[PDB]
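Here is the structure we will look at.
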Amino acid sequence: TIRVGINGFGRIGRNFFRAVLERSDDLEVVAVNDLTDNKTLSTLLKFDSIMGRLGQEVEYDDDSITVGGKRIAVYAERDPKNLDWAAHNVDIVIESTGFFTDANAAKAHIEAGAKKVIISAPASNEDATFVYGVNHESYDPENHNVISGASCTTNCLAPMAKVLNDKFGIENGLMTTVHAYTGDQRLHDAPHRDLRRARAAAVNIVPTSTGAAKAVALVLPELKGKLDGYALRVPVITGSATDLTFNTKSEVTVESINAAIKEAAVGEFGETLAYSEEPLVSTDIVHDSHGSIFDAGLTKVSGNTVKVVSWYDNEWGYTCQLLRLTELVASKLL
Amino acid sequence: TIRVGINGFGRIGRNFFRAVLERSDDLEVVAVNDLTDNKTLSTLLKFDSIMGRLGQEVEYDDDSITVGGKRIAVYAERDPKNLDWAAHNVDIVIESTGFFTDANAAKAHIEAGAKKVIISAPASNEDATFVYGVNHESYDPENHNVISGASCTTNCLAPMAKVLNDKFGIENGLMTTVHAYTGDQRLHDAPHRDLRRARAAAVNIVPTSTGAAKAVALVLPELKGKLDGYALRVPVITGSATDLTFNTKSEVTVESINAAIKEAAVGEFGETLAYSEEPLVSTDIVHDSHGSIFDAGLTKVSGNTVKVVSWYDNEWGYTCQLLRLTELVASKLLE
Amino acid sequence: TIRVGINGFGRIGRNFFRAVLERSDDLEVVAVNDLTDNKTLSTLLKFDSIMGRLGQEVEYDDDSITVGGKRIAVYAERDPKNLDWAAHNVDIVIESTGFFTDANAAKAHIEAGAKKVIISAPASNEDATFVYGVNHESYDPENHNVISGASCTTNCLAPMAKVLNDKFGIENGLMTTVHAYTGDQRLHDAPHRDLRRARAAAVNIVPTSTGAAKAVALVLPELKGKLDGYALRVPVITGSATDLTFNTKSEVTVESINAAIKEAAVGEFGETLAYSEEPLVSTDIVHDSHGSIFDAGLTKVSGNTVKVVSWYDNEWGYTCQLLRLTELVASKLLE
Amino acid sequence: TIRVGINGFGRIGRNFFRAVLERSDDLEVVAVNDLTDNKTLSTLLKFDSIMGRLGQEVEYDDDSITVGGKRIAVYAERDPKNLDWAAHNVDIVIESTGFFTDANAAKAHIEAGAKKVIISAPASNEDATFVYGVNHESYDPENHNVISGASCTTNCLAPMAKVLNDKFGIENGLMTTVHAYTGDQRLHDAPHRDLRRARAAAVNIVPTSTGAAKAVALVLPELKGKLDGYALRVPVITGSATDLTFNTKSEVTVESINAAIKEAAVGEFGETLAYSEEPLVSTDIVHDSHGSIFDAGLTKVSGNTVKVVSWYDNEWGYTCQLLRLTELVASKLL
Ligand SMILES: NC(=O)c1ccc[n+]([C@@H]2O[C@H](COP(=O)([O-])OP(=O)(O)OC[C@H]3O[C@@H](n4cnc5c(N)ncnc54)[C@H](O)[C@@H]3O)[C@@H](O)[C@H]2O)c1
Ligand SMILES: NC(=O)c1ccc[n+]([C@@H]2O[C@H](COP(=O)([O-])OP(=O)(O)OC[C@H]3O[C@@H](n4cnc5c(N)ncnc54)[C@H](O)[C@@H]3O)[C@@H](O)[C@H]2O)c1
Ligand SMILES: NC(=O)c1ccc[n+]([C@@H]2O[C@H](COP(=O)([O-])OP(=O)(O)OC[C@H]3O[C@@H](n4cnc5c(N)ncnc54)[C@H](O)[C@@H]3O)[C@@H](O)[C@H]2O)c1
Ligand SMILES: NC(=O)c1ccc[n+]([C@@H]2O[C@H](COP(=O)([O-])OP(=O)(O)OC[C@H]3O[C@@H](n4cnc5c(N)ncnc54)[C@H](O)[C@@H]3O)[C@@H](O)[C@H]2O)c1
């Protein structure tokens with residue numbers, strides 16, 4: 001059992017912790033770090049507006065939280081220099097605070113005694129970036145120490161494009177993600193760096209930018225220059241849909257598009273990408289463990305222009321992708 | 001004063017009524033029909049969850065409703081055969097029940113006394129179909145008697161497509177409309193013809209078909225077999241966005257794409273199609289009278305693949321188009 | 001294995017089905033009736049916007065549905081006369097269409113082969129009415145054949161009232177329940193018997209009557225003519241709160257009020273009434289099996305005026321009570 | 001025309017500005033102060049998720065915003081010591097930032113050259129507190145310089161209780177306000193001082209505390225000790241309902257309760273309190289100018305226990321109350 005620490009016990013920190021309990025046999029979270037007191041932190045772990053009440057008991061004291069009788073040590077250091085992971089014999093830190101996506105800031109956790117860092121977001125200056133099931137077999141135990149799990153949206157779209165480019169060829173593709181609101185949006189009209197994310201999120205469709213499409217190139221180099229896109233934030237609390245419209249030189253049919261996805265989405269890869277012929281809505285993919293759930297019924301073909309649509313739980317699915325990735329790093333030398 | 005009656009006084013019905021009071025100096029609704037009593041009708045007219053309280057005063061009695069002191073006759077007739085438009089000298093009927101989209105049923109209103117019928121929806125077997133500002137000049141006062149105003153989505157998309165086809169040439173386009181939920185959806189999970197519109201509307205992204213992309217051919221023939229799409233119904237009560245992604249053989253940039261729209265978004269056409277660089281969100285286009293408001297900031301190019309995005313108040317934006325059209329019909333031969 | 005059938009496989013229907021699979025070792029639904037086809041039914045059973053995807057596998061054919069490999073017969077019979085429960089040897093029927101709340105209609109199920117009928121609602125002309133945990137010991141296996149499980153609100157309020165009346169003595173109480181919206185409300189502004197339930201459910205606080213406060217007498221006679229109230233339907237899909245404000249002649253404090261509930265919220269009764277000091281919000285009581293979860297932190301006293309607040313998952317909380325009751329009926333004479 | 005400044009151009013600052021344009025003939029806002037840049041501020045004034053697009057044109061430059069051709073000067077001083085109102089000849093400042101509800105902090109605006117301050121919230125150490133239409137005739141031009149408009153909820157409930165106590169006598173009353181969420185709540189589950197306001201606001205009913213009931217005593221001294229209450233935050237973006245349940249020694253009927261409210265809600269007072277026999281929902285009282293809209297249909301009587309219900313637009317109605325109050329201060333010596 002490889003021990004793990006989390007820096008940043010927020011939505012994604014907490015999803016990850018839950019995913020470890022629910023989905024892993026060889027990982028154990030033994031310390032976290034956050035800004036807030038253990039009463040608040042334990043309360044947020046216990047109750048959850050999306051995921052429900054946690055199965056286990058939760059107690060806290062002035063320097064820990066105890067979950068199902070297992071003591072997790074908690075800190076609150078705004079500066080990760082001020083931590084010590086080797087104390088707790090932690091081999092992997094998940095950096096999920098969102099304020100250390102620069103790999104050269106993140107390597108501090110190595111300084112502070114860890115052996116591997118995983119960034120739960122797009123990173124900069126990272127040793128490598130991964131969408132598990134796409135480019136995971138390039139992981140290099142020697143030289144990939146500070147690594148990125150990419151973004152939710154990237155983890156949805158990359159699996160689907162790997163498959164579609166491989167069989168048909170994508171000349172150019174433009175994406176729209178119709179996306180659950182996220183917590184960096186305002187509940188009432190208030191100031192934001194971004195004048196649209198500034199608007200009341202639960203009564204609006206809010207267009208916003210995403211690097212998720214350009215970032216595919218990091219995991220599918222052959223697609224650099226070939227994808228762009230953006231997001232429509234819409235009033236559901238979780239669950240999103242990536243809608244890609246692209247050009248193929250190929251001559252393609254709804255049926256051949258769908259058959260390729262189906263053909264591909266098997267064995268281990270099929271745990272990252274699913275194939276569905278069902279009448280789905282967002283609530284149907286809440287708490288779904290695939291990174292990309294492909295909706296055969298939404299495939300449209302017009303001339304040499306294709307539209308395909310894949311679903312994702314932008315919390316849980318992304319987390320599960322990250323967990324696969326952590327498991328991999330944990331299975332190799334370290 | 002051309003006189004107007006309304007069959008089906010629901011969302012679009014009532015939007016229309018208000019649009020007339022706010023925006024027209026030569027039209028008057030003098031009668032309306034639905035499936036309910038005048039207490040229920042007077043209430044729904046007075047209080048609207050989207051459009052607010054109505055300015056005017058509202059009284060009812062056992063066969064009518066009065067609004068700023070003007071008596072409006074009301075009927076409760078499931079079947080339009082049993083209606084007498086001529087009793088009130090109604091020229092134009094807005095058919096907005098969404099149950100008489102076959103013009104062959106809707107021509108009943110003619111028999112029942114009306115000279116014209118305007119179906120506020122995609123229709124079948126109609127004399128003609130109009131997106132105002134796009135193909136309204138081909139209106140034939142003699143032969144065009146039962147006509148379609150097309151869908152909200154088609155009123156959004158067409159203005160935009162015309163312009164960009166005219167300038168650059170569309171090979172093929174695929175559309176996604178992110179659309180406010182509508183009456184035909186279920187509040188709770190419950191049976192429905194469409195197994196997705198069957199799911200809780202206000203907590204779901206709900207994909208469903210729409211033919212508004214194919215329906216563009218009806219108003220721009222040169223685009224037949226060239227456009228398709230679908231909708232995602234989402235939890236807002238009104239406001240939608242039309243997302244189109246097309247190929248052109250032309251060589252294009254974000255700037256030139258946007259320059260085309262801004263060039264054309266002027267004069268009378270600019271009252272149907274608008275050009276914006278503002279940082280819009282859906283609540284900003286609620287009660288906006290344009291059929292299509294173009295979001296210049298959302299435009300993207302990659303190779304010969306282009307993405308463009310236009311907003312529309314699917315209730316009020318659509319209704320303002322339908323009124324423009326009703327104003328055209330009424331500016332001409334009423335025989 | 002007592003066999004069970006369900007008339008009306010809607011929200012509460014399907015909650016019930018799941019409650020049986022999750023929570024019972026001696027019950028089995030073997031047949032259900034509704035107004036739809038088995039494709040639509042199998043879909044709505046498999047995917048739920050609140051309860052999530054069902055664990056088991058689901059197949060259908062032209063007269064049934066199969067769930068973890070157990071065949072369940074399905075009928076599409078508007079009229080229960082045309083039903084044959086005995087064909088499948090069903091003892092207990094859950095009548096959950098919300099269209100057969102008169103026991104005189106619902107006794108049809110008896111004629112149609114059933115020995116008992118449990119109406120999942122306030123009923124009229126019923127043999128008896130039960131809030132489990134409150135007055136379920138007065139169940140008469142011979143004479144109580146068509147029975148009510150009362151409303152969700154009454155299942156929330158009664159446990160709580162009993163306790164506080166028993167300890168302090170209620171003069172009069174007035175209740176407000178802040179309740180998740182329900183199927184009988186409109187998604188868009190549209191005609192309805194109730195002119196407020198007629199308004200857009202998911203963007204409105206909607207006041208409406210409920211008799212759950214008066215209905216408490218049926219299960220606690222000593223409170224007749226002593227309680228009243230109303231509901232505010234608000235935009236969540238499930239989860240509600242019952243707010244009661246009463247007089248007592250006793251002298252009371254926040255602490256003693258709360259001490260009464262905690263004292264009583266134990267053993268079997270504690271499975272209906274819960275005691276919490278947690279910082280609850282509505283999503284925290286979704287999928288909670290208690291009929292009434294008491295929020296100790298919400299309690300207020302001013303003179304002899306007391307305010308108390310209890311939570312309830314109006315779908316799943318209510319359904320767990322209805323199952324307790326169905327479990328009681330089935331532990332006894334089935335003649 | 002009395003000139004006015006606003007400190008704090010947020011929800012309530014902006015509602016107030018709009019109310020001046022829409023409802024006043026003898027007030028002119030000529031300066032505001034806020035944290036943010038004029039581009040962001042002008043954008044928020046222009047577009048509004050609740051109130052709609054503003055009727056007028058809006059331009060901005062590096063030190064002002066211009067509305068319908070009228071230049072409003074804008075500042076951004078975190079510390080109101082750093083301002084000068086007499087420069088712009090401002091007679092009344094509305095303190096609406098929410099971080100100067102202490103009257104001894106607020107009197108700075110007087111230091112900085114103003115003559116009257118109005119706090120748009122419960123205050124501490126204030127010269128007086130007012131619910132216009134209840135205790136406004138006690139305003140003392142000489143000695144009421146730093147004053148409070150009370151809270152939205154107080155402005156709903158005080159008018160209704162003045163009437164009901166006067167005719168029936170309230171022994172004791174407990175309130176629940178079913179309240180639109182406010183912007184001090186979290187959009188996603190995140191830390192808050194208050195563990196319930198910490199929870200996703202648009203998918204929850206969130207119980208929270210309010211002083212609004214105890215505060216009635218400030219405007220109706222005869223009711224001290226006699227009222228308490230709390231709030232249920234619910235997912236509508238504006239519009240709320242005060243539900244009061246109380247004891248009367250009197251012997252009362254639905255009909256006599258309603259007739260008293262109706263009887264009272266006339267002339268000027270009836271502009272603060274309305275009487276309604278209509279089938280209202282929250283959206284019906286959006287943008288309603290009364291502080292309290294009394295819902296006759298919701299009156300319940302059981303023994304000597306009464307429940308009455310009054311609506312309020314917790315943004316706009318409260319604002320309009322505040323505007324009446326400002327108009328009063330503006331009509332007297334100053
Ligand atoms: N849809 C999603 O939510 C989603 C999906 C994929 C990736 N991501 C990415 O994952 C990351 C996690 O974001 P989140 O949604 O969990 O955010 P969140 O705000 O909900 O939670 C993050 C937590 O980090 C804590 N924090 C902030 N600064 C800190 C610091 N210096 N030290 C320690 N703790 C600190 C906060 O208190 C908060 O509780 C972000 O980079 C985000 O972009 C989010
Ligand atoms: N976003 C929009 O709402 C939108 C936009 C464009 C077009 N439309 C189309 O306009 C039509 C009306 O839509 P709506 O949103 O007003 O729906 P709606 O349900 O609000 O309007 C229908 C009204 O007509 C009444 N009605 C139904 N059947 C009737 C009958 N047989 N005879 C008389 N009255 C009858 C109903 O009771 C209701 O009051 C639909 O076809 C719809 O697709 C809607
Ligand atoms: N919060 C709750 O939902 C709640 C709580 C307690 C009690 N109840 C009561 O339970 C009853 C059912 O409520 P629901 O929420 O499941 O509503 P629902 O509409 O979800 O359930 C009704 C189902 O029965 C079907 N049906 C309708 N008429 C029928 C008929 N004549 N014959 C056969 N099937 C028919 C419908 O198609 C639907 O599938 C109502 O009386 C309701 O008041 C509901
Ligand atoms: N329902 C309501 O919204 C409501 C009703 C009645 C009273 N109130 C009260 O009125 C006050 C106004 O709150 P709001 O809802 O407008 O809040 P808000 O956060 O929506 O807007 C307040 C604005 O103040 C600005 N601000 C913060 N600190 C500042 C400072 N030091 N200097 C200058 N500007 C500063 C912020 O940038 C923000 O834009 C609060 O005390 C609130 O409790 C609110």
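Letters for chains follow the order of the structure tokens (A, B, ...), residue numbers begin at 1 for each chain, and ligand numbers begin at 1 in the order shown.
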*When the cut-off is 9 Å and you count only C-alpha atoms and all ligand atoms, which residues lie near ligand 2, shown as a count of residues only?*
58
*Kindly determine which residues of chain D lie within 8 Å of chain C, considering only C-alpha atoms, and give the answer as a PyMOL selection string.*
chain D and resi 171-174+195-196+199+203-207+225-229+234-236+245-247+279-283+298+300+302-307
For those residues, write N, CA, C and O atoms to a file as a CSV table (one decimal), in the first residue's frame.
chain,number,residue,atom,x,y,z
D,171,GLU,N,-48.3,39.0,21.9
D,171,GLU,CA,-47.6,38.6,23.1
D,171,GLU,C,-46.2,38.1,22.8
D,171,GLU,O,-45.2,38.6,23.3
D,172,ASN,N,-46.2,37.1,21.9
D,172,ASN,CA,-44.9,36.6,21.3
D,172,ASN,C,-45.1,36.1,19.9
D,172,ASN,O,-46.1,35.5,19.5
D,173,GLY,N,-44.0,36.3,19.1
D,173,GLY,CA,-44.0,35.9,17.7
D,173,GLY,C,-42.7,35.3,17.3
D,173,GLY,O,-41.7,35.8,17.6
D,174,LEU,N,-42.8,34.2,16.5
D,174,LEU,CA,-41.6,33.6,15.9
D,174,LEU,C,-41.8,33.6,14.4
D,174,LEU,O,-42.9,33.2,13.9
D,195,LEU,N,-21.4,27.2,8.9
D,195,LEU,CA,-21.2,25.9,8.2
D,195,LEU,C,-22.3,25.6,7.3
D,195,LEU,O,-22.2,24.7,6.5
D,196,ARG,N,-23.5,26.2,7.4
D,196,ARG,CA,-24.6,26.0,6.5
D,196,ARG,C,-24.5,26.9,5.3
D,196,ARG,O,-24.6,26.4,4.1
D,199,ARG,N,-22.7,25.8,2.0
D,199,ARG,CA,-23.2,24.8,1.1
D,199,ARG,C,-23.8,25.4,-0.2
D,199,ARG,O,-24.5,26.4,-0.2
D,203,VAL,N,-28.8,24.5,-4.9
D,203,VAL,CA,-29.4,23.2,-4.9
D,203,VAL,C,-29.8,22.9,-3.5
D,203,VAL,O,-30.1,21.7,-3.2
D,204,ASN,N,-29.9,23.9,-2.6
D,204,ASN,CA,-30.2,23.6,-1.2
D,204,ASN,C,-31.2,24.6,-0.6
D,204,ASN,O,-31.4,25.7,-1.1
D,205,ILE,N,-31.9,24.1,0.4
D,205,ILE,CA,-32.5,24.9,1.4
D,205,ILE,C,-31.5,25.0,2.5
D,205,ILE,O,-31.0,24.0,3.0
D,206,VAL,N,-31.1,26.3,2.8
D,206,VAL,CA,-30.0,26.5,3.8
D,206,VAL,C,-30.6,27.3,4.9
D,206,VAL,O,-30.8,28.5,4.8
D,207,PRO,N,-30.7,26.7,6.2
D,207,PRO,CA,-31.2,27.5,7.3
D,207,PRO,C,-30.0,28.4,7.8
D,207,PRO,O,-28.9,28.0,7.8
D,225,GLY,N,-38.1,41.9,23.2
D,225,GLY,CA,-38.2,40.7,23.9
D,225,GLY,C,-39.3,39.7,23.3
D,225,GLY,O,-39.3,38.6,23.7
D,226,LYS,N,-40.0,40.2,22.3
D,226,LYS,CA,-41.3,39.6,21.9
D,226,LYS,C,-41.2,38.9,20.6
D,226,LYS,O,-42.2,38.2,20.2
D,227,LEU,N,-40.1,39.1,19.8
D,227,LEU,CA,-40.0,38.5,18.5
D,227,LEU,C,-38.6,37.8,18.3
D,227,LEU,O,-37.6,38.4,18.7
D,228,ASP,N,-38.6,36.7,17.7
D,228,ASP,CA,-37.3,36.1,17.2
D,228,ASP,C,-37.6,35.4,15.9
D,228,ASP,O,-38.7,35.3,15.4
D,229,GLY,N,-36.6,34.9,15.2
D,229,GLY,CA,-36.8,34.2,13.9
D,229,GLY,C,-35.5,33.8,13.3
D,229,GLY,O,-34.4,33.9,13.9
D,234,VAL,N,-33.4,29.7,0.0
D,234,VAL,CA,-33.9,28.8,-1.0
D,234,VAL,C,-33.5,29.3,-2.4
D,234,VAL,O,-33.3,30.5,-2.7
D,235,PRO,N,-33.4,28.3,-3.4
D,235,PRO,CA,-32.9,28.7,-4.7
D,235,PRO,C,-33.8,29.5,-5.7
D,235,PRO,O,-34.2,29.0,-6.7
D,236,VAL,N,-34.1,30.7,-5.3
D,236,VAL,CA,-34.5,31.8,-6.2
D,236,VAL,C,-33.5,32.9,-6.1
D,236,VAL,O,-33.0,33.1,-5.0
D,245,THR,N,-45.6,33.7,13.0
D,245,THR,CA,-46.6,33.0,13.8
D,245,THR,C,-46.5,33.5,15.2
D,245,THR,O,-45.5,33.5,15.8
D,246,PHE,N,-47.7,34.0,15.8
D,246,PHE,CA,-47.6,34.7,17.0
D,246,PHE,C,-48.8,34.4,17.9
D,246,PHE,O,-49.8,33.9,17.4
D,247,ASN,N,-48.7,34.8,19.2
D,247,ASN,CA,-49.9,34.7,20.1
D,247,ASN,C,-50.5,36.0,20.4
D,247,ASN,O,-49.8,37.1,20.6
D,279,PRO,N,-53.1,35.6,-6.2
D,279,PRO,CA,-52.4,34.3,-6.2
D,279,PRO,C,-50.9,34.4,-6.5
D,279,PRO,O,-50.5,34.0,-7.5
D,280,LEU,N,-50.2,35.0,-5.5
D,280,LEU,CA,-48.8,35.4,-5.8
D,280,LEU,C,-47.8,34.3,-5.7
D,280,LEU,O,-48.0,33.4,-4.9
D,281,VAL,N,-46.8,34.4,-6.4
D,281,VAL,CA,-45.6,33.6,-6.2
D,281,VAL,C,-44.4,34.6,-6.2
D,281,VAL,O,-44.6,35.8,-6.4
D,282,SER,N,-43.2,34.1,-5.9
D,282,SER,CA,-42.1,35.0,-5.7
D,282,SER,C,-41.9,35.9,-6.9
D,282,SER,O,-41.6,37.1,-6.8
D,283,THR,N,-42.0,35.3,-8.2
D,283,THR,CA,-41.7,36.1,-9.3
D,283,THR,C,-42.6,37.3,-9.5
D,283,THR,O,-42.3,38.2,-10.2
D,298,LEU,N,-53.0,33.8,2.9
D,298,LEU,CA,-52.1,32.9,3.6
D,298,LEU,C,-52.4,33.0,5.1
D,298,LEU,O,-51.9,32.2,5.9
D,300,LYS,N,-53.6,32.3,8.6
D,300,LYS,CA,-54.2,31.1,9.3
D,300,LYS,C,-54.5,31.5,10.7
D,300,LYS,O,-53.6,32.2,11.4
D,302,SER,N,-55.6,29.6,14.5
D,302,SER,CA,-55.8,28.4,15.2
D,302,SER,C,-55.7,28.7,16.7
D,302,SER,O,-54.6,28.9,17.2
D,303,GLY,N,-56.9,28.6,17.4
D,303,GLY,CA,-57.0,29.1,18.8
D,303,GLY,C,-56.6,30.6,18.9
D,303,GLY,O,-57.1,31.5,18.1
D,304,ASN,N,-55.6,30.9,19.7
D,304,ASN,CA,-55.0,32.2,19.9
D,304,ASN,C,-53.6,32.2,19.2
D,304,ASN,O,-52.8,33.0,19.6
D,305,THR,N,-53.4,31.4,18.2
D,305,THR,CA,-52.2,31.4,17.4
D,305,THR,C,-52.5,31.7,16.0
D,305,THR,O,-53.4,31.1,15.4
D,306,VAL,N,-51.7,32.7,15.5
D,306,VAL,CA,-52.0,33.3,14.2
D,306,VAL,C,-50.7,33.1,13.3
D,306,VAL,O,-49.6,33.2,13.8
D,307,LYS,N,-50.9,32.9,12.0
D,307,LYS,CA,-49.8,32.9,11.1
D,307,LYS,C,-50.2,33.9,9.9
D,307,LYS,O,-51.2,33.8,9.3
*Please measure the separation of CA of residue 27 (chain A) and CA of residue 146 (chain A), giving the value in Å to one decimal.*
18.5 Å
*So how far away is CA of residue 316 (chain D) from CA of residue 184 (chain D), in Å?*
17.8 Å
*Which residues, written as an MDAnalysis selection string, have at least one atom at most 8 Å from residue 296 (chain A), with only C-alpha atoms counted and residues fewer than 5 positions away on the same chain left out?*
chainID A and resid 258 275:277 308:309
